[PDB]
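**Student:** Got a structure for you, written out below as structure tokens; questions coming shortly.
All Cβ positions, even for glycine, are placed from backbone atoms using ideal geometry, and neighbour counts span all protein chains on display. Where a number appears in this text, it was derived from the coordinates with a stated rule and is not lab data.
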There are 2 protein chains.
Amino acid sequence: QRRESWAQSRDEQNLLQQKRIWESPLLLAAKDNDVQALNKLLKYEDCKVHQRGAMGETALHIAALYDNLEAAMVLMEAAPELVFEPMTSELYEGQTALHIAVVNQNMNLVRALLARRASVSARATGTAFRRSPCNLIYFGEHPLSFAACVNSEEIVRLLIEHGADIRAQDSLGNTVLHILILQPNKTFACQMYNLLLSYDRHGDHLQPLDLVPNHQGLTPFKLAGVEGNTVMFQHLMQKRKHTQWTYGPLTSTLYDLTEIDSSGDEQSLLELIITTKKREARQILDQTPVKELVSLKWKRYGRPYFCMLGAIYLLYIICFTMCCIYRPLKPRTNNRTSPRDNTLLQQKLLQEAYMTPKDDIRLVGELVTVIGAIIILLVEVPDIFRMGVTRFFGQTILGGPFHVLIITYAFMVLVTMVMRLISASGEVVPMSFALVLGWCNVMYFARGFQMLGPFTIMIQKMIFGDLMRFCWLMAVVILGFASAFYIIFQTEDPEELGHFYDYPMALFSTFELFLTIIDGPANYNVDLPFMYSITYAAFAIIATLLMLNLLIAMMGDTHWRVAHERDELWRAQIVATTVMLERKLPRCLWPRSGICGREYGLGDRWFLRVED
Amino acid sequence: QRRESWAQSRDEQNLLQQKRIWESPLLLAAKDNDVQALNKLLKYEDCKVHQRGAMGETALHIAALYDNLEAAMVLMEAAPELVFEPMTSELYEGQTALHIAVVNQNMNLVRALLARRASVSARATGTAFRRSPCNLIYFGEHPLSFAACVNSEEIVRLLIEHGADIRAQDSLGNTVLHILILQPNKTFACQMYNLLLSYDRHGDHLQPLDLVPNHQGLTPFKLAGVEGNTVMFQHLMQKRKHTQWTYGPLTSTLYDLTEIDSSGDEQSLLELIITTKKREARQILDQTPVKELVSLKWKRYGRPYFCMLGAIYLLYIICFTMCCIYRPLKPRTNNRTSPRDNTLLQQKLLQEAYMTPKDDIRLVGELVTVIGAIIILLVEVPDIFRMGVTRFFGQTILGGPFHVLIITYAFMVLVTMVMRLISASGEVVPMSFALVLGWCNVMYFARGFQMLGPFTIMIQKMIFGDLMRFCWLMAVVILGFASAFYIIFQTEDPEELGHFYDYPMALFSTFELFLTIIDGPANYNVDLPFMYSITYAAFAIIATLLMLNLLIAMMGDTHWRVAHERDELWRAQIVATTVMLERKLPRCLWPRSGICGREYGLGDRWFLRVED
Ligand SMILES: CCCCCCCC/C=C\CCCCCCCC(=O)O[C@@H](COC(=O)CCCCCCCCCCCCCCC)COP(=O)([O-])OCC[N+](C)(C)C
Ligand SMILES: CCCCCCCC/C=C\CCCCCCCC(=O)O[C@@H](COC(=O)CCCCCCCCCCCCCCC)COP(=O)([O-])OCC[N+](C)(C)C
Ligand SMILES: CCCCCCCC/C=C\CCCCCCCC(=O)O[C@@H](COC(=O)CCCCCCCCCCCCCCC)COP(=O)([O-])OCC[N+](C)(C)C
Ligand SMILES: CCCCCCCC/C=C\CCCCCCCC(=O)O[C@@H](COC(=O)CCCCCCCCCCCCCCC)COP(=O)([O-])OCC[N+](C)(C)C
Ligand SMILES: CCCCCCCC/C=C\CCCCCCCC(=O)O[C@@H](COC(=O)CCCCCCCCCCCCCCC)COP(=O)([O-])OCC[N+](C)(C)C
Ligand SMILES: CCCCCCCC/C=C\CCCCCCCC(=O)O[C@@H](COC(=O)CCCCCCCCCCCCCCC)COP(=O)([O-])OCC[N+](C)(C)C
Ligand SMILES: CCCCCCCC/C=C\CCCCCCCC(=O)O[C@@H](COC(=O)CCCCCCCCCCCCCCC)COP(=O)([O-])OCC[N+](C)(C)C
Ligand SMILES: CCCCCCCC/C=C\CCCCCCCC(=O)O[C@@H](COC(=O)CCCCCCCCCCCCCCC)COP(=O)([O-])OCC[N+](C)(C)C
Ligand SMILES: CCCCCCCC/C=C\CCCCCCCC(=O)O[C@@H](COC(=O)CCCCCCCCCCCCCCC)COP(=O)([O-])OCC[N+](C)(C)C
Ligand SMILES: CCCCCCCC/C=C\CCCCCCCC(=O)O[C@@H](COC(=O)CCCCCCCCCCCCCCC)COP(=O)([O-])OCC[N+](C)(C)C
Ligand SMILES: CC(C)CCC[C@@H](C)[C@H]1CC[C@H]2[C@@H]3CC=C4C[C@@H](OC(=O)CCC(=O)O)CC[C@]4(C)[C@H]3CC[C@]12C
Ligand SMILES: CC(C)CCC[C@@H](C)[C@H]1CC[C@H]2[C@@H]3CC=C4C[C@@H](OC(=O)CCC(=O)O)CC[C@]4(C)[C@H]3CC[C@]12C
Ligand SMILES: CC(C)CCC[C@@H](C)[C@H]1CC[C@H]2[C@@H]3CC=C4C[C@@H](OC(=O)CCC(=O)O)CC[C@]4(C)[C@H]3CC[C@]12C
Ligand SMILES: [Ca+2]
């Protein structure tokens, strides 16, 4: 409602702009190329040259919009004050006509305005210029930023000659080199990037203008990685690579690897690409400094430390499994209630549970599971206190779904610990969750293997893709037929056919008949009711044939899509593991990657050598 | 038989045409370019120049058919009356030779006929010129219509100079601008469309000739949408769009949206595209006025009103389900007939059914289901009285299959209402239909969701595609093997293996063995008959392996075809919903789309603004 009222207000204000032009002979003669009408209109007063349209625009703005050079020249000669006028409206605050002629690439009217001393530092701070999905252009705020984004190299040279600050930042802190990365035509933005670094002749040289961050802390090199700009990433790596020698077909290149790999506790380029929402960012992982660095970290220190943790976790779940197998049980102390009561054993009290030497061996195994579950909560839960408590930890959970599965496992172990201590009934329900969550967390360590790794991306995309959007159609066919199956057998004896004896069992039986994992109900010794055969024949056609195989056909497409991009998806699993594993392990266990300088006359930087 | 006798009569009349030419020296010398023979033949009388062929043709028609200019000139000089002669035959009534030279594009013979004052208003009303599947050309009735369709711009200019009525309509009411849309070469028809609007210089200007309807009420703009002419639709929208401004790469266009969106109670362009048989018409839904209008109606008012009705219907079916769960049942009053009688409960009488406070809570829930079923019939059934009673409501049912599923649900609720009142046995059969039709109508509201929506197009196309044409082969393999299975066990005791104990159960068991949803019959404690193992091994290979997986392979192709055109099929579901929902809800709930004029100096029209 709010996004649609903003689009409705922008449309009504654009129609009100065209109305106010037609209502006044001044702005209408600026819109058309009526030179003689602007001559005759201006002869009888100052003639309200400071007349505002619906957008806060003047007539000199209107001649700038419609590329009316001869109309705009008359207005500047009559009123030279119109050159310094911004648009006064929230949609276009601060926009002058020097902005408009730059965007329209009117070369003669840019020189005409700067001859009348037009400001090159005027900031278009209106809401039609901000970086938003509502806006189709993000050109920045300054006329040098507008000229760089329309690829007018001759205006970019002409604005810097008149004093345009090349280091100017907008509200987002973006310099002109940041804004060029955010542009759709990426080949032209490479050429404009080179032209604007050529004017950095120690101009406010605290930083060389390709090292200036925005308010997010991103330089143009890091912004090209976060936004998935692979064209600008290859172009900006040419400054960061150094050819050592060329021996025929061979070449030894030395890569800078300073802004790619984390120097201190700042987030590196690898951490930003993993933790971003754009999926074009993960094509930077296939680039010639970055692909070699990821393979180097994994083979040297990533995969040994990951297979050590996978073997410790696999021994831990085997210890948890056996203390659930040997859980303390005794024969039941009450008598059987109904003939449907199948329970023979109940669970011992806490005083009874630890009395034999086999109960003390289990107690050692049970304390390992408790201590291991506390260590999981001491490692993984303090992330929510360091990160955002709700929001920023939420992208960690959308990023890694195995975070919550080992957190939920660790809470289920501590729930059944408390039930052990207070002697509460029903420890089978915390244990059964912890058994299946404990063993299905071993599928986390499948990503140590190129072949096994993206199988869990298939399992994820079949659940939260195919299943989560087709289960709503399945649930409503189950609810329809299970309700029919319930009332058909509601008058019958359940001892012969008891699949639908109460309504929760009729729901569970129809779900199992859907998936064809129990057989169709049949007796052949009694007369089943007449509507059963018609309803189950209709169920067997729509559910077991049609809608079950429809889901299997969907998941076969999900298999095919993930197996196509299989190696690209495994490399993203490796970066996310290596980032996590380097962050949590100390620097003594993780040596820094590449070769450092300072013993080779190269600085304090850390270099990576590729021979190609 | 009737379509084939008409093709047989047209073929015999075309062979009789070539016979009558060869039988007469006049028409044979017109067919060939025998100038000296037509000279010598014409010297001995008037010489029967008014001689009719099999098609009612003259010799001047024959010289026009075979592009014989020098033969046709001799015939006009000898007989000037032959210029005014139409063909006198039902297949070619009214066709003159000015029609024939125009179609053959004989430039010299068109000028030669109009020099002899040939009629440009002659109407070819024969059955070979009407719009029919029997005819390969539909060129209209007038020579200006024939010249526009053969793309002869020089004849079109030359016929208008001699007084051709450009506003002339044929039997279908089609002007020359209507007929150009019905032509296969669409690029040439765009150029001929522009040339014929250029001659509308206030000529009978009640309407500008692109606003003249045919007898179906369609203008050329609406006819391009109904016929799926996307080339002519983009060309005719250029008159209906207005560029407000151009700001560098940006452009603001204002679209007319008058003939696209419904002004009054007339059918709009969106209603005509949904309710038409052609499926090329639904490519108009992806066009730049229409795609933005559909997304605007759905996001503002379509999807809120559709999810309100989906939540009210979902609460209604839950109320219907629980009054079927708690239906009035008592223990049976008679004794058990046979040992196959499994019935324990029967249903209470009407006097017994409402005696407790829990029966009055159900009575409130049962009256909600009755009132809701009457409202479904008061909303949906009066369409058949407003539309066609049989025919035109039939395309509504072929268009929406969820119309009949909620009508059949509403009748099943009122059948079990009457059985409740008269205390009739067997309310389980109207309830079981109403339970599965009630809950599977919740799949109607899946089309509020882009992902869930065209799942029901898959379910439809697998039933009425794959299943309805392969069930005939399955039914005959079931009937063959169930008859064999019946007579094999006809001499056996059914207490051990009773799958085929009578012939309706042998049919039902073999259907379930086909679908592999009951296990294969086996005892292992008795000797089964010898032909069972041979027949069931043959059944398991042809039916469970081969013909079951053959159907699953078909439906996997139906899945792949619908998932390919997935978003194009969901947008057609949204237009059909929005059309239905705007028609039934009052105008106070549905504001009209776009921005109106009259506060912006644009008229009383309603405009839609796209910034691109
Ligand atoms: C990939 C493979 C790798 C290896 C996997 C090995 C797989 C096989 C593993 C084991 C073999 C299978 C069971 C052997 C059979 C009986 C053994 C026994 O004496 O149990 C006794 C008690 O034992 C317990 O209560 C165990 C509960 C805690 C186990 C943890 C020990 C603590 C060590 C912490 C270590 C830290 C962990 C590391 C943390 C990082 C009782 O047994 P019972 O009553 O005589 O049973 C009758 C059986 N029957 C009916 C069949 C007759
Ligand atoms: C392991 C041994 C250690 C013992 C040491 C000390 C313990 C000693 C304590 C008591 C001794 C008494 C004997 C109890 C025996 C077993 C209890 C049982 O299951 O059945 C019992 C019911 O009791 C319950 O089931 C309680 C319900 C479970 C509550 C737990 C919620 C989990 C919340 C956290 C997870 C949130 C998950 C959400 C995630 C999304 C018995 O009732 P019954 O079986 O119904 O009898 C009828 C049988 N019939 C149905 C066949 C007719
Ligand atoms: C915050 C700590 C909890 C408070 C501690 C003291 C509790 C004081 C309460 C009762 C004390 C009186 C003793 C009588 C015996 C038990 C009777 C009883 O009331 O048990 C009840 C509690 O059972 C539970 O559900 C425990 C789980 C609750 C909180 C989870 C633990 C937090 C661990 C961190 C993880 C959090 C993350 C969760 C994510 C999964 C349920 O009863 P029952 O199950 O139906 O069995 C009946 C047993 N009887 C038949 C033998 C009689
Ligand atoms: C105690 C209980 C255990 C603990 C709690 C368990 C919580 C769950 C664990 C981890 C949850 C962590 C976040 C969800 C996973 C991320 C998915 C995602 O990226 O977004 C997804 C949507 O997003 C959703 O669907 C929202 C989740 C729905 C509700 C969560 C409960 C689901 C039940 C879970 C049980 C499932 C039933 C199976 C049998 C039981 C987008 O999908 P995608 O994956 O990015 O790509 C697929 C789309 N594609 C096909 C077009 C390509
Ligand atoms: C994707 C997943 C969706 C879930 C799928 C399935 C949901 C299942 C999940 C959980 C159900 C299991 C609950 C167990 C507790 C018992 C209570 C019970 O249900 O039975 C009770 C009955 O009461 C009813 O009949 C309520 C159901 C009516 C229909 C509402 C469906 C809810 C989903 C709507 C949304 C649909 C969403 C579809 C898209 C919009 C008691 O039954 P009884 O014992 O026989 O007693 C009868 C007494 N009698 C003999 C006098 C007659
Ligand atoms: C997506 C989810 C949304 C919500 C879905 C909620 C899902 C769950 C919904 C409900 C919970 C499931 C049942 C609860 C269990 C018993 C309740 C009870 O007292 O029933 C009593 C009578 O009740 C009836 O007869 C009901 C029949 C009419 C229902 C409609 C009410 C009228 C309101 C009109 C409203 C207008 C509707 C709107 C129209 C637009 C009898 O019960 P019992 O004999 O004691 O049963 C024994 C059970 N046992 C064997 C297990 C012991
Ligand atoms: C819900 C409670 C409310 C009650 C209130 C008032 C009601 C009180 C009224 C009577 C009380 C008497 C007790 C009756 C008990 C149930 C009746 C029954 O099913 O079986 C009965 C047969 O009776 C029939 O089935 C009649 C046949 C059905 C006709 C309906 C046609 C539907 C037409 C429209 C739909 C068109 C669909 C077409 C669409 C394409 C009993 O016979 P039996 O069971 O065979 O016994 C032998 C058992 N054996 C086979 C196991 C050997
Ligand atoms: C037009 C209204 C109908 C006339 C009203 C009065 C009818 C007068 C008739 C008998 C009155 C005598 C009373 C004795 C008790 C019943 C005996 C009997 O003959 O019942 C018969 C009628 O059962 C039906 O099939 C009813 C359905 C017929 C028309 C559908 C209703 C129209 C609703 C609009 C929707 C239309 C759309 C349809 C699309 C689905 C069948 O008998 P039974 O089922 O085998 O059960 C025997 C019961 N007994 C064992 C207890 C004895
Ligand atoms: C009380 C009973 C309930 C109420 C009455 C029920 C009446 C039915 C409900 C709605 C019917 C409304 C019209 C039919 C649906 C439209 C289909 C259509 O467009 O034409 C189709 C042919 O057309 C036919 O096949 C004619 C229908 C056959 C007879 C109808 C009974 C079918 C039984 C229904 C039970 C099915 C068995 C399943 C399990 C039981 C063309 O197919 P398509 O879809 O356009 O595209 C597929 C072709 N493609 C794959 C090449 C792309
Ligand atoms: C796509 C859907 C097609 C449907 C497929 C399935 C159709 C089935 C649908 C409905 C059948 C169920 C009816 C129930 C009523 C009982 C009557 C009955 O059938 O059994 C009776 C037998 O009589 C027969 O044997 C008739 C069948 C002979 C073959 C004709 C097949 C019809 C389809 C032809 C067109 C094929 C189309 C294929 C393509 C051209 C009684 O049997 P009994 O009780 O054992 O008594 C025997 C007494 N004895 C012991 C003395 C020996
Ligand atoms: C008494 C002692 C011997 C118990 C031993 C316990 C270990 C088996 C536990 C302790 C901490 C656990 C770790 C805590 C946190 C993590 C991070 C976790 O990361 C993710 O799941 C990322 C999610 C994703 O990217 O999808 C993977 C499991 C792991 C290594 C755990 C593996 C199992 C560990 C080593
Ligand atoms: C006792 C019963 C009732 C417990 C039910 C258990 C389920 C809730 C568990 C068991 C298996 C689990 C799944 C096992 C594997 C995966 C893949 C995993 O996918 C990834 O994270 C892959 C992405 C990547 O590797 O980068 C996401 C969680 C998911 C779907 C799990 C979700 C939770 C599931 C369905
Ligand atoms: C006592 C009261 C509270 C009962 C409430 C009854 C409602 C749940 C009913 C009344 C009228 C029904 C509507 C009547 C007609 C239609 C049109 C119908 O349109 C189609 O099915 C189009 C078919 C297709 O395009 O495939 C969809 C269901 C709907 C909205 C129905 C939805 C359910 C409604 C709102
Ligand atoms: Ca089985």
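**Student:** Which condition breaks for A:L467 when tested against (1) more than 8 Å from chain B (Cβ to nearest Cβ); (2) outside any helix (DSSP H, G or I)?
**Tutor:** Of (1) more than 8 Å from chain B (Cβ to nearest Cβ); (2) outside any helix (DSSP H, G or I), only one is false for A:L467: (2).
**Student:** Checking B:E141 against (1) in contact (Cβ under 8 Å) with a residue 40 or more places away in the chain; (2) surrounded by fewer than 19 Cβ atoms within 10 Å (Cβ to Cβ); (3) closer than 22 Å to B:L177 by Cβ, which test does it fail?
**Tutor:** Condition (2) is where B:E141 drops out.
**Student:** Check A:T369, A:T337 and return the single one that is free of Cβ contacts under 8 Å to residues at least 40 places away in the same chain, more than 16 Å from ligand 14 (Cβ to nearest atom), out of contact with any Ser or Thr (no Cβ under 8 Å at 6 or more places or on another chain) and among the β-branched types (V, I, T). Can you show your working first?
**Tutor:** Values: A:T369 fails: free of Cβ contacts under 8 Å to residues at least 40 places away in the same chain.
Answer to the selection: A:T337.
**Student:** So, restricting to helices (runs of 4 or more DSSP H) that lie completely within the range A:287-369, which ones have at least 3 residues that are among the hydrophobic types (A, V, I, L, M, F, W, C)? Break it down into steps so the answer makes sense when it comes.
**Tutor:** Numbers: elements: A:290-297, A:303-325, A:350-353.
Because the criterion is at least 3 residues that are among the hydrophobic types (A, V, I, L, M, F, W, C), the helices (runs of 4 or more DSSP H) in the range A:287-369 that meet it are A:290-297, A:303-325.
**Student:** If you don't mind, another one. Of everything in the range B:439-464, what is more than 7 Å from every other protein chain (Cβ to nearest Cβ), in a helix (DSSP H, G or I) and either more than 25 Å from the chain's Cα centre (by Cα) or of a type in the set (G, A, S) (or both)? Give them in sequence order.
**Tutor:** Correct list: B:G448 only.
**Student:** Quickly run through the range B:339-370 and pick out the residues that are of a type in the set (A, V, I, L, M) and within 14 Å of chain A (Cβ to nearest Cβ).
**Tutor:** Step one: list which residues in the range B:339-370 are of a type in the set (A, V, I, L, M), which gives B:344-345, B:349-350, B:353, B:355, B:361, B:363-364, B:367-368, B:370.
Of everything in the range B:339-370, those that are of a type in the set (A, V, I, L, M) and within 14 Å of chain A (Cβ to nearest Cβ) turn out to be B:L344, B:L345.
**Student:** Scan the range B:167-191 for residues that are closer than 21 Å to B:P208 by Cβ and either among the small types (G, A, S) or surrounded by fewer than 22 Cβ atoms within 10 Å (Cβ to Cβ) (or both) and report the count. Lay out the reasoning, then the answer.
**Tutor:** Within the range B:167-191, the subset closer than 21 Å to B:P208 by Cβ is B:167-170, B:172-182, B:189-191.
Okay, now just the ones that are also either among the small types (G, A, S) or surrounded by fewer than 22 Cβ atoms within 10 Å (Cβ to Cβ) (or both), so B:167-169, B:172-173, B:182, B:189-191.
Of the residues in that region, 9 qualify.
**Student:** Restricting to the range A:57-80, count the residues that are in contact with a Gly (Cβ under 9 Å, 6 or more places away or on another chain) and free of Cβ contacts under 8 Å to residues at least 40 places away in the same chain. Talk me through it step by step, then tell me what you get.
**Tutor:** As a first pass, look at the range A:57-80 and keep what is in contact with a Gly (Cβ under 9 Å, 6 or more places away or on another chain): A:59, A:61-62.
Those still in the list that are free of Cβ contacts under 8 Å to residues at least 40 places away in the same chain too: A:59, A:61.
So the answer is 2.
**Student:** Looking for something more than 16 Å from ligand 4 (Cβ to nearest atom) and in a helix (DSSP H, G or I) - is there at least one such residue anywhere in the range A:387-409?
**Tutor:** no
**Student:** So, A:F500, is that one more than 16 Å from ligand 4 (Cβ to nearest atom), within 30 Å of A:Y326 (Cα to Cα) and either assigned to a loop (DSSP other than H, G, I, E, B) or touching a residue at least 60 places away in the same chain (Cβ under 8 Å) (or both) or not?
**Tutor:** Working: more than 16 Å from ligand 4 (Cβ to nearest atom): yes; within 30 Å of A:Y326 (Cα to Cα): no; either assigned to a loop (DSSP other than H, G, I, E, B) or touching a residue at least 60 places away in the same chain (Cβ under 8 Å) (or both): yes.
No.
**Student:** Do we have A:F485 as without any contact (Cβ under 8 Å) to a residue 12 or more places away in the chain, under 22 Å from B:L435 (Cβ atoms) and either facing chain B (nearest Cβ under 9 Å) or in contact with a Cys (Cβ under 9 Å, 6 or more places away or on another chain) (or both) here? Give the derivation first.
**Tutor:** On the way: without any contact (Cβ under 8 Å) to a residue 12 or more places away in the chain: no; under 22 Å from B:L435 (Cβ atoms): yes; either facing chain B (nearest Cβ under 9 Å) or in contact with a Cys (Cβ under 9 Å, 6 or more places away or on another chain) (or both): yes.
Taking the combined requirement at face value, the residue does not satisfy it.
**Student:** Something else about it: Any residue in the range B:106-123 that's under 24 Å from B:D170 (Cα atoms): show its pairings with residues that are of a type in the set (G, A, S) and surrounded by fewer than 18 Cβ atoms within 10 Å (Cβ to Cβ) at Cβ separation under 8 Å, as long as the two are six or more apart or on different chains.
**Tutor:** Within 8 Å, the pairs are B:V120/B:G163; B:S121/B:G163; B:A122/B:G94; B:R123/B:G94.
**Student:** Please name all residue pairs, on different chains or six or more residues apart, with Cβ atoms under 6 Å, provided the first residue is in the range B:572-584 and is over 12 Å from B:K299 (Cα atoms) and the second residue is outside any helix (DSSP H, G or I).
**Tutor:** The qualifying pairs are B:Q573/B:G453; B:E582/B:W590.
**Student:** Suppose the filter is in contact (Cβ under 8 Å) with a residue 12 or more places away in the chain, within 14 Å of chain A (Cβ to nearest Cβ), assigned to a helix (DSSP H, G or I) and surrounded by fewer than 20 Cβ atoms within 10 Å (Cβ to Cβ); does B:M555 pass it? Don't jump to the end; show me each part of the working.
**Tutor:** Details: in contact (Cβ under 8 Å) with a residue 12 or more places away in the chain: yes; within 14 Å of chain A (Cβ to nearest Cβ): yes; assigned to a helix (DSSP H, G or I): yes; surrounded by fewer than 20 Cβ atoms within 10 Å (Cβ to Cβ): no.
No; evaluated as a whole, the condition is false for this residue.
**Student:** So is A:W560 away from ligand 7 (no atom under 16 Å from the Cβ) and either crowded, with 16+ Cβ neighbours inside 10 Å or of a type in the set (A, V, I, L, M) (or both) or not? Write out each step before concluding.
**Tutor:** Numbers: away from ligand 7 (no atom under 16 Å from the Cβ): yes; either crowded, with 16+ Cβ neighbours inside 10 Å or of a type in the set (A, V, I, L, M) (or both): no.
In short, no.
**Student:** Give the residue that is nearest to A:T251 (Cα to Cα), with candidates limited to residues of the range A:581-612 that are in a strand (DSSP E or B) and not aliphatic (A, V, I, L, M). Working first, answer last.
**Tutor:** Pass one, the range A:581-612, residues in a strand (DSSP E or B): A:595-596, A:606-611.
Applying the additional criterion that residues be not aliphatic (A, V, I, L, M) yields A:596, A:606-607, A:609, A:611.
Numbers: A:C596: 20, A:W606: 20, A:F607: 16, A:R609: 10, A:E611: 6 Å.
Looking at the filtered set, the residue picked out is A:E611.
**Student:** How about the range A:315-344: which of its residues are among the aliphatic types (A, V, I, L, M) and away from ligand 12 (no atom under 16 Å from the Cβ)? So that I can check it myself, show each step before the final result.
**Tutor:** Restricting attention to the range A:315-344, the residues satisfying the condition of being among the aliphatic types (A, V, I, L, M) are A:315, A:317-318, A:322, A:325, A:329, A:344.
Residues satisfying the conditions are A:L315, A:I318, A:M322, A:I325, A:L329, A:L344.
**Student:** Something else now. Among the residues in the range A:41-51, are any under 30 Å from A:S171 (Cβ atoms) and surrounded by fewer than 23 Cβ atoms within 10 Å (Cβ to Cβ)? Before you say what the answer is, go through the steps one by one.
**Tutor:** Applying the first criterion (under 30 Å from A:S171 (Cβ atoms)) to the range A:41-51 yields A:50-51.
Right, trim to surrounded by fewer than 23 Cβ atoms within 10 Å (Cβ to Cβ) and you get A:50-51.
Yes, there is a match, as at least one residue in the range A:41-51 is under 30 Å from A:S171 (Cβ atoms) and surrounded by fewer than 23 Cβ atoms within 10 Å (Cβ to Cβ).
**Student:** On the given criteria, is B:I534 away from ligand 6 (no atom under 16 Å from the Cβ) and closer than 27 Å to A:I542 by Cα?
**Tutor:** Values: away from ligand 6 (no atom under 16 Å from the Cβ): yes; closer than 27 Å to A:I542 by Cα: no.
Here the answer is no, as B:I534 does not meet what is asked.
**Student:** Test A:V476 against the criterion of being within 16 Å of ligand 13 (Cβ to nearest atom) and under 30 Å from A:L405 (Cα atoms), and give yes or no. Steps first, please.
**Tutor:** Working: within 16 Å of ligand 13 (Cβ to nearest atom): yes; under 30 Å from A:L405 (Cα atoms): yes.
It is true that A:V476 is within 16 Å of ligand 13 (Cβ to nearest atom) and under 30 Å from A:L405 (Cα atoms).
**Student:** Give me the residue from the range A:497-522 that is hydroxyl-bearing (S, T, Y) and more than 7 Å from chain B (Cβ to nearest Cβ) and, out of that set, surrounded by the most Cβ atoms within 10 Å (Cβ to Cβ). Step through it out loud before you land on a result.
**Tutor:** We begin by selecting, within the range A:497-522, every residue hydroxyl-bearing (S, T, Y); these are A:501, A:503, A:509-510, A:516.
With the extra rule that they be more than 7 Å from chain B (Cβ to nearest Cβ), the set shrinks to A:501, A:509-510.
Numbers: A:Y501: 17, A:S509: 20, A:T510: 25.
Out of the qualifying residues, it is A:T510.
**Student:** Still on this structure, I have one more. Mind telling me which of the residues A:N525, A:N549 ends up being surrounded by 18 or more Cβ atoms within 10 Å (Cβ to Cβ), within 14 Å of another protein chain (Cβ to nearest Cβ) and polar (S, T, N, Q)? Spell out how you get there, then give the answer.
**Tutor:** Numbers: A:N525 fails: surrounded by 18 or more Cβ atoms within 10 Å (Cβ to Cβ).
Answer to the check: A:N549.
**Student:** Now a separate question. Which count do you get for residues in the range B:307-338 that are more than 11 Å from chain A (Cβ to nearest Cβ) and either away from ligand 6 (no atom under 16 Å from the Cβ) or charged (D, E, K, R) (or both)?
**Tutor:** Qualifying residue count, the range B:307-338: 3.
**Student:** So if I check each of A:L28, A:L65, which one is touching a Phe, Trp or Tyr at 6+ places or on another chain (Cβ under 7 Å) and surrounded by fewer than 20 Cβ atoms within 10 Å (Cβ to Cβ)?
**Tutor:** Details: A:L65 fails: surrounded by fewer than 20 Cβ atoms within 10 Å (Cβ to Cβ).
Going through A:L28, A:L65 in turn, the sole match is A:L28.
**Student:** Can you tell me which residue in the range B:378-413 is farthest from B:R362 (Cα to Cα), limited to those that are within 16 Å of ligand 8 (Cβ to nearest atom), surrounded by fewer than 16 Cβ atoms within 10 Å (Cβ to Cβ) and in contact (Cβ under 8 Å) with a residue 24 or more places away in the chain?
**Tutor:** This residue is B:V381.
**Student:** What number goes with the only condition from (1) more than 14 Å from every other protein chain (Cβ to nearest Cβ); (2) more than 21 Å from A:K186 (Cβ to Cβ); (3) not in a helix (DSSP H, G or I) that A:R131 does not pass?
**Tutor:** Condition not satisfied by A:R131: (2).
**Student:** Of all helices (runs of 4 or more DSSP H) completely enclosed by the range B:147-229, which ones contain at least 2 residues that are in contact with a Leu (Cβ under 9 Å, 6 or more places away or on another chain) and farther than 25 Å from B:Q283 by Cβ?
**Tutor:** B:153-160
**Student:** In this structure, is A:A576 crowded, with 20+ Cβ neighbours inside 10 Å, away from chain B (no Cβ under 14 Å), within 16 Å of ligand 4 (Cβ to nearest atom) and in a helix (DSSP H, G or I)? Please lay out each step first, then the result.
**Tutor:** Values: crowded, with 20+ Cβ neighbours inside 10 Å: no; away from chain B (no Cβ under 14 Å): yes; within 16 Å of ligand 4 (Cβ to nearest atom): yes; in a helix (DSSP H, G or I): yes.
Judged against the criteria, A:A576 is not a match.
**Student:** Check A:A122 against each of (1) over 30 Å from A:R2 (Cα atoms); (2) outside any loop (DSSP other than H, G, I, E, B) and name the one condition it does not meet.
**Tutor:** Among (1) over 30 Å from A:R2 (Cα atoms); (2) outside any loop (DSSP other than H, G, I, E, B), A:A122 violates only (2).
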